[PDB]
Amino acid sequence: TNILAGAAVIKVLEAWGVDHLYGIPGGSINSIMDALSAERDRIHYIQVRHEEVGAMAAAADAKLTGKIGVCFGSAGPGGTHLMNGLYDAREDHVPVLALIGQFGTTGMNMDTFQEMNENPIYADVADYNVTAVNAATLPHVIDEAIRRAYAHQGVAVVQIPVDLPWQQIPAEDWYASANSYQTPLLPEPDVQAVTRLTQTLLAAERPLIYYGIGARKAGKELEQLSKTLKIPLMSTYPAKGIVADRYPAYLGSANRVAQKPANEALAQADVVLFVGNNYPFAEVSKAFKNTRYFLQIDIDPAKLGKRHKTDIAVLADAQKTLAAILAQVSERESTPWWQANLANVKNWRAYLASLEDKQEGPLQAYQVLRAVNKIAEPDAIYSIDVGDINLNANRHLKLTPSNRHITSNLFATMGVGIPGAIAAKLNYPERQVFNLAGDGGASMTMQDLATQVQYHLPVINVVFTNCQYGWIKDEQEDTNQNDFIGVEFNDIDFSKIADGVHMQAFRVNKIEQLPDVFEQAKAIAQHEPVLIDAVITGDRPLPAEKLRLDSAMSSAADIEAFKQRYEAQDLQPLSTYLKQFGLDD
Amino acid sequence: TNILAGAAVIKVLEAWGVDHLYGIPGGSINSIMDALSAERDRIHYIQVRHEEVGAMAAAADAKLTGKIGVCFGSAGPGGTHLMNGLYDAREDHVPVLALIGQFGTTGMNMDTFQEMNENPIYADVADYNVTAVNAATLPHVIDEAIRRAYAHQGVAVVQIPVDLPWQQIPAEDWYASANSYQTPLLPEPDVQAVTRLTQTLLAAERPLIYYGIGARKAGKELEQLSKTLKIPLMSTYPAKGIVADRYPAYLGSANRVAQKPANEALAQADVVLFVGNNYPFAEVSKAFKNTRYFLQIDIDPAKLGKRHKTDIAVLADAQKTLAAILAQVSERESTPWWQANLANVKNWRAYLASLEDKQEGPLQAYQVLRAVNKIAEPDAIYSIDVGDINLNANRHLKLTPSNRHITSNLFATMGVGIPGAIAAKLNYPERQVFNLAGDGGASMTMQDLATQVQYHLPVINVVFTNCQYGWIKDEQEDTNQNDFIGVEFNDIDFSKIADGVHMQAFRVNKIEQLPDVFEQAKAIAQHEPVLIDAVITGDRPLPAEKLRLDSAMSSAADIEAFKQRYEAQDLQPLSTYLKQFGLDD
Amino acid sequence: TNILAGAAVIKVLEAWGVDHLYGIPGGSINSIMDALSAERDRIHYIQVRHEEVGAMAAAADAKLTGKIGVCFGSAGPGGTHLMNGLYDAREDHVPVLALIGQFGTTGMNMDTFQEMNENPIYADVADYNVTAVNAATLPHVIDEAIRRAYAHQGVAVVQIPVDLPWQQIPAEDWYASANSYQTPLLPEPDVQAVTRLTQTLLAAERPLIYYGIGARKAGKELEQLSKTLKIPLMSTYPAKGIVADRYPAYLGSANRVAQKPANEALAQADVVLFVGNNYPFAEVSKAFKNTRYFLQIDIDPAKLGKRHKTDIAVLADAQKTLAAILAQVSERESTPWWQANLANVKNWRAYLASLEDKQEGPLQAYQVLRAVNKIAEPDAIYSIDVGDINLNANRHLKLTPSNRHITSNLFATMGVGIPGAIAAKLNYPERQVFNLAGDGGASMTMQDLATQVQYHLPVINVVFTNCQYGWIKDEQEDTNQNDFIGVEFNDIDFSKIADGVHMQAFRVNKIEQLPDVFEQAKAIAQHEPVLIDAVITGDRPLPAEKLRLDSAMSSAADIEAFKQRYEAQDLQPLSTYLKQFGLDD
Ligand SMILES: Cc1cc2nc3c(=O)[nH]c(=O)nc-3n(C[C@H](O)[C@H](O)[C@H](O)COP(=O)(O)OP(=O)(O)OC[C@H]3O[C@@H](n4cnc5c(N)ncnc54)[C@H](O)[C@@H]3O)c2cc1C
Ligand SMILES: Cc1cc2nc3c(=O)[nH]c(=O)nc-3n(C[C@H](O)[C@H](O)[C@H](O)COP(=O)(O)OP(=O)(O)OC[C@H]3O[C@@H](n4cnc5c(N)ncnc54)[C@H](O)[C@@H]3O)c2cc1C
Ligand SMILES: Cc1cc2nc3c(=O)[nH]c(=O)nc-3n(C[C@H](O)[C@H](O)[C@H](O)COP(=O)(O)OP(=O)(O)OC[C@H]3O[C@@H](n4cnc5c(N)ncnc54)[C@H](O)[C@@H]3O)c2cc1C
Ligand SMILES: Cc1ncc(C[n+]2c([C@@](C)(O)C(=O)O)sc(CCOP(=O)(O)OP(=O)(O)O)c2C)c(N)n1
Ligand SMILES: Cc1ncc(C[n+]2c([C@@](C)(O)C(=O)O)sc(CCOP(=O)(O)OP(=O)(O)O)c2C)c(N)n1
Ligand SMILES: Cc1ncc(C[n+]2c([C@@](C)(O)C(=O)O)sc(CCOP(=O)(O)OP(=O)(O)O)c2C)c(N)n1
Ligand SMILES: [Mg+2]
Ligand SMILES: [Mg+2]
Ligand SMILES: [Mg+2]
Ligand code: NA
């Protein structure tokens, strides 16, 4: 006959298949809390220790599963705490619903306690941003919010006056539209455009295929096209793992979270096939200034010819289009361009392996990641924070299509390691989950290590303790006239932090310590979370964007200094391999 | 070697195929003006007399052609005057680019003359909203604005500090992505879903097909499905004309800008096929409260199950899906439901004809519209203002797929009549164009009758002068307890207004005056604009949402009063026709 | 026992002393209309023909009387039409309450007709910006809005769902805080600071007192300080009339809406007393680049040292501080600086008189303004539009403390002439009221000439018809490389426009026609509005910011061209007068 409006709201969430949601209660959201409390069997409330972690974990849920993440915050400070997670969801274009507490409608606009007009707070971040003002339409407003968040791939925010969810509404009127939800059936890729794009790619002397995460369903086709046509592959950083890292012609990514071969090869390429890619450094880094023909495949019209003047842009699904290309091409014999890139990749991997394979001495980030590799299951998920770890994990993690890795790709909020791992373990209780975080990032969300303990989420946390914002210190080295500032700080012993939240932990500062500590951690994480605090050196990782290796481009003194600093004595510039196989710059 | 950034910006507009744009100059936008001035042979600046008319005409350009409309306003009050046209573009989801003047970067944030932070002004209306801060990237920002406005079917606003377009930039770096433009992919109907939909539709006892402008490409399929299956058709008001008005099973539209047979049939229907339709009155009017099964076809996932819980929902193009249904059905015999509706339509149309066919006496809106019909070419375009005219034009205009009509569908801003006709005549100089406007709406944008004169745009302007806001008077009649207020006002003689802007004009107040005046207007408008000021009675048009004709539902006295007031003695309720064919109400 | 919330809201407006308010009704605001209708004996609704005129008139009410202006617009386009008047109120810092219609709370967030989240629309313009959600608190929210608009000298906006004002609330709980209202405290000048200020001012070789409207209560003190100390006076344009224009050491205003002696003297001054002044051109025009000492008196701490570094700054009321200075000084002898400026003023005024005193020939703006002077009562009020008219009225109107004049000072929105005069005549039915407007600005709000007729408001409207946006043509002349664009347009005959709204009118195009036409207008306006359409030449008024008269600074040829164009053969540069009295430039 009647149902509480709050109970109907929870039933809307359940209809859309929301498994878990995050937040911290307050008087202004206690009626939504009351409805969740009656529904503990069907929907799992996760009490976090800071609301930003709830918002970042909701974004991560959607990154991992493609299903909407849900978080909430009480009126005022609860909701404003969500912001770093909500901006992450907006910039990484994933569906998130955020519920915001509000004072009851009888007290709104009275300038009462923690009471303000909350609608303008969320106007910028949100695709949909409304204050509910009626109980009977509240389930519809929640359903609308969800449907829009999915359709528009972003954040829907609903401010809820706390009186509304306690009002009775007719039991028979409300519904959810989850039952209507589907994905579109697309026509086949434009045949004549695909044929023309293929001819241009094949006519090139120095082709590259450069994909981003829009190509996530197309790993098989990418690797087969590469092998068949003898065309090296490079990707955006987040697209690492779509093609296995072990693939001999995967060059890595460009710019700074980057690998030497991709940077060098891109500078030489005459034709680039840019697929499912919205690389934000295209223009500012002049990435394609030497490219003769630029070909694109993207599913979004707003991206067509966005990043560079484009000769042919096909509006289509990446996988369907790459399959259609593969269907019209056949074997090409090895070329000097292919052989030069393969040799360059081999030389680069030997460099990385030399860093990883040190067996004793002062601990560096490189041996830490090798120790991760050694205990990693083939389908492990990595939640990665923001800083040098993106660069180091990008180079050292050995990923395949069976893995997932997530970070804050574009907003790049520090603190995401812990919440992304919480979300990963909640969605995939049977998969191994790592949190790889620098000390600056880990410290911003450290309190929510307690959330892993409280919910028995067996995350393997690895904190990279350099006592620096290393990423920023290296930037200051490059740009700043005056001394380093704000980038070197006091130690925090995260093994003691972990102990304080009742999580087993280790602290290591020597390479020879790694094998046994990581073996213990692997075993602990069969049942409980664990943390390893790795005390690492302040060595700057090799800057792929500032290579000094080529005699024709850099002075002998600069090359000598670069080789010394970066332990890079055995690295050769691409030009050495180009010359070897009969090509010039 | 170099080009002025302003010249490059105009070249971007040209590459995107912008033929004409609107605005009023100011110091804060004179560098864009300077670039326009050099380009006057390739792109055509239309100087309006109020910037809202420029924004409304830009919206109407896009409604009519699907090509982005372009407008501008100077810093401060120029831009703020755009708002009603920009909101019209957002709510009617058509692409519009708005350029806003701003003080030079050397004077921004100094609190100088007409200088303010302009970005927050446009944040709500705009899909994309940026202040340009660099000359070299300015062409890209404009390119970005256009590509987004198209992809997202909405408003892009760029605030341009006046110094930037007078700066030299490299001639060879800037580009437009117009060459890469594509319209969004059209998703295909799932065959099994279409089969299930077809079976539910065929099993219905009282089916209706209820379409909106999303079905504008599917008029043939809608009419053929209706004839073949013996299923009546109804539409949203804006979808009038997709199927010819003369089609005998076209019921009209529901709610208030509505036709009696559509409201009556919808209340009785057991199954609705809701296609390309976002009827905003669905929930508030409880349109579908007694509908057993609800079948939806829409291209936009945000719409699926939005207006009612769906039994079958198809995420696909309207014409593809309707063709798929038509392909799997064959001729059905007549049914009681079908005959009942056909008879109801005949009775209704005879009513409207009786109004139109009066030959002498006090002029009413009905005969004015008959006089429009009599001079209207088969492919005439109608720009319609907001008020009683929407209801009257909806009932009386005899439209076919060959016509176009536009109004402000959802924001419903008064004043659009004049600008929409300006845009119509610019886009279709060889087609007859009407502006049909009430006196309230015509008053709001009356100065831009001067723009039709200045640009020699032969619009036939027809003003319905009731000396009222009739639409609002009728609402106050229905809801207010106290006397009418603000709805009856002083006469404006629009023939004298027209004389003042140097436009030929006539004023009529008797039915017998119409044939000769309209013939003269038809002739004048072969070369120049003309205005007819029609002084009409204050008769209220029949409220299709408040019918008093059925003695099972209304008192004898209310029926009698309704018949007398609305000259509706010969109208019968649908129940009469339902009973004739053996169906109960 | 109970009262309708809408009735209580109107009672709040009455308690606050609101005599009249403006707007246009709509369904979304009909419950406020219903309450107004019952209260028509105590509060007076003015129905305008476009809501921007209602907002601009509300702003002008507050400019004229200091009492909050009140306007409203229906949901969506009604409210958005308010924007230019609301921005005018914000930038001119006057209290205005705007009520915005909204759909009932049962239909909000359902995406129904003309229904949207309206709160973000007003967030930028408004000091206070809330959507009401409860009937019982609605009177308080309106009370809060008014008290804030006053205290903060800005715009308060309340969006009101239409259901709320038709709800019953307890008769005894609501109140207005009008009874508790007070204006902000007037801070007192520090005696030692005033002494230091006085000594710096007296030690100056070339002193100026430069005041704005913050000194509107201190005209007597300004004129007496000037006479006693032999210090010339200059003002912002809006501060014209605070000291009678006939005062022989009044230099006028600087920059462009400016008088030659003010620009010349300011460039030479060593000490400026800057009082009640927020001149927005100070930094951008480098007004004070050669000023040795800068002395400031202002009531607002946000202004102190804003426009230039301060040597002495006094946070105090202008009149109290000026009286304190005057109290500690005595008569000073004449100085070379004083005589030089007095002679410069005489030469300038003889120039303006030579323009005014033409008796026959092609009509220019100058003689029109002389004709206004000749029929103007000593306490006439001038509502001035935006464009050349600001410059011309600034030079030619002969104002005293008995006059008022208003325009849009800082937002500078065109169209204010008509509404400002409507507001003037409502507030001062016994005072003569002029609307002085260019053709561009008069065009924008021309429909509301009907409002002067409807309410029998005997405004003397004077339109300056140059068939140009003259102000902008002159800017393009100064800055643009290519031909003029968008600044010359087609004639509108405003006497025919006037005839169309049933207002008596005249059109003149010769100097000799003025005396009789203006005498007739003076007489007509004893009882009814009247319009004079003055067809004027396209002569550019003398640019006080681009003087070419001094042979030490300009070529002989530029001087000759300047004299001929501006009929300025008898003008001398200030250096002539400086040299006469033994001072060098
Ligand atoms: C500290 C830090 C530093 C970083 N620096 C770098 C760096 O140096 N190098 C680097 O590479 N990255 C770097 N990034 C990541 C970077 O900011 C961008 O997020 C990333 O490069 C963009 O990757 P993308 O194009 O794969 O993803 P997105 O930006 O999400 O783009 C996806 C694209 O694919 C399209 N798409 C989606 N689905 C389909 C489909 N089915 N078919 C076709 N197209 C589809 C979309 O329309 C879009 O254009 C860094 C991140 C961090 C945290
Ligand atoms: C004064 C006034 C009063 C009004 N009152 C009424 C009234 O009483 N009755 C009335 O009917 N209207 C009325 N309106 C118009 C009304 O507000 C709505 O705008 C209208 O009913 C919605 O029409 P629609 O669904 O055709 O258009 P839209 O709202 O534009 O929706 C079109 C739909 O089609 C979908 N679509 C687009 N392309 C495709 C495709 N290729 N295939 C499938 N789907 C597609 C879109 O996703 C969208 O859902 C009034 C207007 C005015 C000015
Ligand atoms: C088309 C056009 C062009 C214009 N160009 C010019 C131009 O060339 N030249 C020009 O002069 N103007 C021009 N303006 C007007 C200009 O934009 C500014 O509005 C004006 O110069 C500022 O005047 P003001 O300082 O008197 O007023 P405001 O900006 O309102 O400032 C008043 C000051 O007085 C202070 N105050 C208030 N009360 C007191 C008190 N009791 N005691 C002490 N201080 C107090 C306030 O805090 C404030 O600082 C133009 C206007 C238009 C429409
Ligand atoms: C919340 C927050 N605060 C600051 C930053 C800036 N910021 C970064 C970037 C990528 O945005 C950047 O500026 O280049 S990276 C970074 C340092 C990360 O320090 P960590 O100790 O976590 O990582 P290491 O680099 O391994 O030392 C900071 C502070 C950020 N990204 N997020
Ligand atoms: C710019 C503006 N201002 C006010 C309105 C409100 N409004 C209308 C609706 C549909 O929005 C409504 O409220 O129902 S309809 C309307 C009256 C239009 O009066 P007209 O004289 O033009 O038409 P008639 O109804 O033929 O008299 C007004 C003022 C509006 N739509 N746009
Ligand atoms: C609503 C609106 N639109 C445009 C403008 C720009 N604008 C002006 C300024 C002061 O803002 C300026 O840019 O310098 S002045 C101006 C011209 C006014 O032309 P008129 O015909 O009314 O006056 P004359 O100068 O006498 O011809 C315009 C269009 C403006 N102020 N307000
Ligand atoms: Mg660190
Ligand atoms: Mg009317
Ligand atoms: Mg003019
Ligand atoms: Na107007």
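The numbers used for chain B are those of Swiss-Prot, and the residues that appear cover 9-593, in sequence.
If you check the header, you will see the structure was determined by X-ray crystallography, 2.0 Å.
Any Cβ shown, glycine's included, is placed from N, Cα and C.
Summarising the annotation, Swiss-Prot assigns Mg(2+) binding site to B:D447, B:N474, B:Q476. Annotated region 'FAD-binding' per Swiss-Prot: B:192-342, in sequence order.
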Quiz prompt | Residue among binding-site residues B:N474, B:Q476 with least C-beta crowding, 10 angstrom cut-off | solution = B:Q476
Quiz item: Around B:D447 (Mg(2+) binding site), how many other C-beta atoms are within 10 angstroms of its C-beta?
Solution: 26
Self-check item: Within reach of chain C, those binding-site residues of B:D447, B:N474, B:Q476, CB-CB under 8 Å
Solution: none
Self-check item: Residues flanking the Mg(2+) site, with Cβ no more than 8 Å from the Cβ centroid of B:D447, B:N474, B:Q476 and excluding those residues themselves
Solution: B:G446, B:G448, B:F472, B:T473, B:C475, B:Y477, B:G478, B:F497, B:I544, B:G546
Quiz item: When DSSP states are folded down to helix, strand and coil, where does B:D447 (Mg(2+) binding site) land?
Solution: helix
Quiz item: DSSP three-state call for B:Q476 (Mg(2+) binding site): helix, strand or coil?
Solution: strand
